[PDB]
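Overview (structure and organization)
One-letter residues, chain by chain:
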Amino acid sequence: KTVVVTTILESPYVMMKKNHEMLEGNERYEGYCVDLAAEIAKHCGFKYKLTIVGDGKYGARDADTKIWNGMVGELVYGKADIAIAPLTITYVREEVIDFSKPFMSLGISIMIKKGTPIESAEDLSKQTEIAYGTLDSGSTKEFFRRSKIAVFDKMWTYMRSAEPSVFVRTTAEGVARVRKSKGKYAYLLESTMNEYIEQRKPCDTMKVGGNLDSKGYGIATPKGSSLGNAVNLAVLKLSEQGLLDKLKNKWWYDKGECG
Amino acid sequence: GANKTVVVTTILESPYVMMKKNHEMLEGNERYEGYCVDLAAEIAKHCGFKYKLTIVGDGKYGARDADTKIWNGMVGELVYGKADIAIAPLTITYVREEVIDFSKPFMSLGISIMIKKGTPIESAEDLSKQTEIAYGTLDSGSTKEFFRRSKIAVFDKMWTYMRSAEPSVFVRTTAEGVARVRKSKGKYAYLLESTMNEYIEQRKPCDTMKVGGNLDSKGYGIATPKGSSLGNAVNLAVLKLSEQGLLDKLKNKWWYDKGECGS
Ligand SMILES: CCN1CNS(=O)(=O)c2ncccc21
Ligand SMILES: CCN1CNS(=O)(=O)c2ncccc21
Ligand SMILES: N[C@@H](CCC(=O)O)C(=O)O
Ligand SMILES: N[C@@H](CCC(=O)O)C(=O)O
């Protein structure tokens, strides 16, 4: 029957089409992950229904209740059959759900308003005039929380107690905060999203420094799902045919507005 | 039953696995050093097994004979039950995933171009549009298969040339490709993984360089026979080492910290 796909509104991965209010079902949406879902479904031979994750989150486990939220929770608790989204492969998630081989590479990166005197994470950690933070309920925040790497641990110690909160509910809110804070806020986000925004009007942000880590997004399934093997082979087939590169070029470079 | 020493297949490929100085008087795992030797030790510690490193007999990564359908190389060692795990720069591919299991990648790479410094080549398109400079790949690996299978015009054109070139543009080992670049006065370019390319660019006599972008994007994984009980633990260990920053430290250790071409 119809495979329930959980995904998340995150540009350019999944976006509402122009005039979506008169559209229905999968046709409401467009983007990299919408295209990828169609390709994966064709290769594996299933029909599917795109559903936007109810709580709008990627997935974290509450320290006390030990309940998972976000897309990870939807998989864990049986609300969706598969997640096709910019969902980061991590140790803690691999303990509770399955991931395909990665379909896209990324690392944590720094976004600044152009002209901000920051070149690195070390720079951020050694000052206090420029505030910085991350997305809530995602892998970037969990990276800093868990990290024993000295610069990142120092950064976490500042971020977790900063007032007002330096954490944001959505990627778009982080970007807006960079753009509105006259250089006094820098946002820690994945290189994929940073690079997309850097090529969008008003062309006032940039990625500075190297990436802080190296990882990937995978297609996720509940542990022991029958779909896992076919989905993994489909990712590798699309990779080897060059279609993942084509999709990246379509939704990043072609979406470029800054010349 | 009782714990058994895990047989690890690997390959003599610098800087992943190399003969130590004084290897002639050393035994067992102590004979070897490198990135994958260090990685093996970390994986074994995390998963709680003892192991024996064994260099693959035929010195190949792994390809399936089109006629006999027999796998050679490290892939073959796993398929036919001669090794329990491969800890090596073994590329994750579709055809290999059909017959063995891979961890999540522990290193990223892409196919790339190695030239002798000063060679007037900047891209694969450049190579494809001329005949003065020969070019080829390693035998029995994923780079050769990439060109054989590609439907992208430039890479297909490159394959049509390479497959029929005389004398043969293919090499049996990475070292042979490097020698051919170094000795051919700019008239041979070598197609190899970016990891290997970047390593050699930091070795004396500092006469090669990587040019252009990478032609694809993939990774190396730790491989096990299909359905092996080791796979889950090994995968979690790769991800833990990744998150801890240790894979990045190992890359720096073996590529750059003792690079020979300056700071
Ligand atoms: C080698 C670090 N790494 C860690 N393993 S991973 O999260 O599957 C991943 N995916 C894509 C690129 C790199 C990568
Ligand atoms: C996203 C392309 N890709 C394809 N899947 S892969 O071979 O597991 C891989 N590993 C590391 C980095 C990239 C990568
Ligand atoms: N890709 C992340 C969300 C973005 C972020 O945390 O920066 C995740 O899967 O949690
Ligand atoms: N890593 C490759 C070998 C090197 C190459 O083909 O360039 C493999 O696993 O086949």
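Conventions and cut-offs
- Residues numbered from 1 in each chain as written, not as in the entry; some residues may be left out.
- Chains lettered and ligands numbered in written order.
- Heavy atoms only, no water.
- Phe/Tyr/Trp six-rings, centres within 6.5 Å; stacked < 30°, edge-to-face > 60°.
- Helix = DSSP H or I, 4+ residues; strand = E, 2+ residues; numbered from the N terminus.
- Buried < 20%, exposed > 50% of the residue type's maximum accessible area, 1.4 Å probe, protein only.
- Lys NZ or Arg CZ within 6 Å of the ring centre and 35° of its normal.
- Pairing = 2+ DSSP bridges.
- Axes fitted to C-alpha atoms, helices over the stretch in contact; angles between N-to-C directions.
- Contact = heavy atoms within 4.5 Å.

- Per the deposition metadata, X-ray crystallography was the technique used to determine this entry, at a resolution of 1.5600 Å.

**Points about the packing of aromatic side chains**
- The final tally for this structure, using the stated rule, is 28 aromatic pairs over all chains.
- Judged by centre distance (5.2 Å) and plane angle (75°), the ring pair of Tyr13(A) and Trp252(A) falls under edge-to-face. Of this pair, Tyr13(A) sits in the loop between β1 (3-7) and β2 (15-16) while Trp252(A) sits in helix α10 (residues 243-253); the two residues are 239 residues apart in sequence, bridging distant segments of the chain.
- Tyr13(A) sits in the buried class, given a relative accessible area of 0%.
- In this structure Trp252(A) comes out as buried when scored by relative accessible area, which is 8%.
- Ring centres 6.0 Å apart and planes at 25° place the aromatic pair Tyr35(B) and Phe106(B) in the stacked group. Linking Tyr35(B) in helix α1 (residues 35-47) with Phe106(B) in the loop between β6 (100-102) and β7 (107-109), this pair joins segments that are 71 residues apart in sequence.
- Judged by its relative accessible area of 0%, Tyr35(B) falls in the buried class.
- For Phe106(B), a relative accessible area of 5% corresponds to the buried category.
- Grouped by ring-pair contacts, the aromatic residues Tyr13(A), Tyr32(A), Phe103(A), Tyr196(A), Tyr217(A) and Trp252(A) constitute a single cluster.
- Here the guanidinium or amino end of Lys141(A) rests over the ring plane of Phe167(A), the centre of that ring lying 4.1 Å away.

**A closer look at the sheet that holds strand β11 (residues 205-208) of chain A**
Residue and element names in this part refer to chain A.
- An order of β9-β10-β8-β11 is seen for the four strands of this open sheet, with the pairing classed as mixed. Edge positions in the open sheet fall to β9 (131-133) and β11, since each of these has one partner strand only. Strand-to-strand twist across the sheet, computed as the mean angle between neighbouring axes with direction ignored, equals 30°.
- In terms of strand pairing, β9 meets strand β10 (residues 185-190) through three bridges, oriented parallel. The partner of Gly 133 across the bridge, within β10, is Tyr 187.
- Contacts from helix α6 (residues 150-161) reach β9 and β10, with the element oriented near 95° to β9.
- Along the sheet, helix α7 (residues 171-180) makes contact with β8 (108-113), β10 and β11, crossing β10 at roughly 150°.

**Focus on the sheet that holds strand β10 (residues 188-193) of chain B**
All names here are of chain B.
- Judged by pairing direction, the sheet is mixed, and its four strands sit side by side in the order β9-β10-β8-β11 without closing on themselves. Looking at strand neighbours, the two that pair on one side only are β9 (134-136) and β11 (208-211), the edges of this open sheet. Strand after strand, the sheet turns through a mean of 30° between neighbouring axes, direction not considered.
- Here strand β8 (residues 111-116) pairs with β10 via four bridges, running antiparallel. Bridged to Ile 113 within β10 is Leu 191.
- Sheet strands touched by helix α6 (residues 153-164): β9 and β10. Its angle to β9, the strand with the most contacts, is close to 95°.
- Packed on one face of the sheet, helix α8 (residues 194-201) meets β8, β10 and β11 and runs near 145° to β11.

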